[PDB]
């Protein structure tokens, strides 16, 4: 047999906001009962760190255990492409497993944000679609949000990023609103957060006029 190790990147919104906390997560599955206490070693560009909180064994229904270690990272380091390494080993055993992760390499490209009002044919329905097109960005790590008059909006869905011909990404975010709120003149805003934007943030408004 043998345990498996998976490494997960922080959330884009966490890396692009100084006030939030980005976390790299290392997950070990298929740990047997009589396996020694799993130990973790974290490395940032080869340099070992020690500010990683490790969680206890979590029994799964397939009679294996699950162990999770979480490392807090600096926004500056992750956005500069530093390499994070998770070294998993049992206490005593010489076998060791390593996994690494880092940001996508490549030239960051600034996204272009366009807002599209609902089609004239959709006005007959009870609810209209507000469309936010975000194209031409790299890497694909991005966060899109909707809001109106300050408060966040709730009923929106965002497509996965699609790789475009020029090597950049684009996606669409669709906010569904009641037609009444669109005709009453309310202002809706599409917030985009990407590392290639000024202050990692831009915003485009959309209202009936």
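Residue numbers count along the first chain shown, from 1. Here the rigid core means the biggest group of C-alpha atoms that line up within 1.5 Å when the two forms are laid on top of each other.
Relative to the shown model and aligned on the rigid core, the C-alphas in 4 other deposited structures of this protein deviate most, among 55-63 and 155-163, for 55-63. Larger root-mean-square CA separation from the shown form, computed after a rigid core fit of the structures in 4 other deposited structures of this protein, is seen for 82-90 when 82-90 is set against 102-110. In this entry, 123-131 has the higher mean Cα B-factor, the comparison being between 108-116 and 123-131. Of the two stretches examined, 147-155 and 165-173, the record assigns the greater average C-alpha temperature factor to 147-155. Comparing the C-alpha B-factors of 103, 91, 85, 75 in the entry, the top value falls on 91. Highest C-alpha temperature factor among 54, 60, 183, 140, as the PDB entry reports it: 183. Among all modelled residues in this chain, the alpha-carbon of residue 198 has a temperature factor (C-alpha) in the highest third. In this PDB entry, residue 70 carries a Cα temperature factor that places it within the lowest third of its chain's modelled residues. The PDB entry assigns residue 187 a C-alpha temperature factor belonging to the highest third of its chain's modelled residues. Among the modelled residues of its chain, residue 208 has a C-alpha B-factor that falls in the highest third according to the deposited record. In this PDB entry, the Cα temperature factor of residue 44 sits in the middle third of its chain's modelled residues.
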